[PDB]
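A quick write-up on the structure given underneath.
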DNA sequence: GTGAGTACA
DNA sequence: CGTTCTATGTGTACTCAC
DNA sequence: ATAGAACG
Ligand SMILES: Nc1nc2c(ncn2[C@H]2C[C@H](O)[C@@H](COP(=O)(O)OP(=O)(O)OP(=O)(O)O)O2)c(=O)[nH]1
Ligand SMILES: [Mn+2]
Ligand SMILES: [Mn+2]
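Numbering (PDB author numbering), first residue to last: 1 to 174.
Below you can see the structure in the form of structure tokens.
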């Protein structure tokens, strides 16, 4: 375990140091395209792991953008990886800590953040509401009866509100 | 080289 | 009848027949 | 959020 002060330090260092190797020359992951989520974005006092959400700008880099990932100048061991979820352990200070990573394309941004900030209890509650209205909300979208439901939205609030729910900051999300 | 059961969110 | 407790979801990456 | 069930 590690604190929000530790986490904040760790996430800030990484945002200089991320990139993936796309067939030789490695293309630099721009930090305006990475977003701290889960506990750290809710600003909980104590952290179990740092969970991060990378936004890809074309679909056909998902084949590359997590299983060929590098963090400059620091050690790590991989336990799992895929196109959209990739879990890593880090060596920080003398510390070993765990780092989840997650991807969505820009079309998906707020829903990935809303899904990934948690908390777990909030996600469990919030969904039942719309299953009662026979809708489905996921990392990627909002859908009904097998067809996506498009909305005129850009940020997470406009999503939560377009869904018809109290918007609140991630500290006390429940 | 399609398809159920599990692990971990 | 009011207060309170409780239940509630679903995708990714993996494994292991076939 | 939301509704049903257990309890005064
Ligand atoms: N724990 C958990 N998280 C889930 C689940 N489903 C979706 N999530 C989302 C919400 C979480 O905020 C996000 C990552 O959660 P984590 O497992 O890393 O923990 P979280 O960030 O909530 O805080 P933590 O790492 O426990 O200190 O994934 C689930 O079933 N369990
Ligand atoms: Mn976390
Ligand atoms: Mn996590």
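By construction, the Cβ of each residue, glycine as well, lies at the ideal position given by its N, Cα and C atoms.
By the neighbour-count definition (other C-beta atoms within 10 Å, threshold 16), residue 30 is an exposed residue. Between ligand 1 and the CB of residue 14, the shortest heavy atom gap is not smaller than 8 Å. The Cβ atoms of residue 53 and residue 112 lie closer than 9 Å to each other.
Judged by DSSP in its simplified three-state form, residue 66 adopts coil rather than helix or strand. Contact between residue 171 and residue 43 is confirmed by a C-beta separation of about 5 Å, below the 8 Å threshold. Those residues placing their Cβ nearer than 5 Å to any heavy atom of ligand 3 are, following chain order, 49, 51, 100. Residue 15 places its beta carbon less than 9 Å from that of residue 34. In terms of Cβ geometry, residue 101 and residue 69 form a close pair [threshold 9 Å]. Contact between residue 87 and residue 95 does not hold, since the beta-carbon distance rounds to 17 Å and is not under 8 Å. Here residue 120 is exposed. Its C-beta has fewer than 16 other C-beta atoms within 10 Å. The closest CA to that of residue 74, considering only 59, 65, 58, 91, is found on 91.
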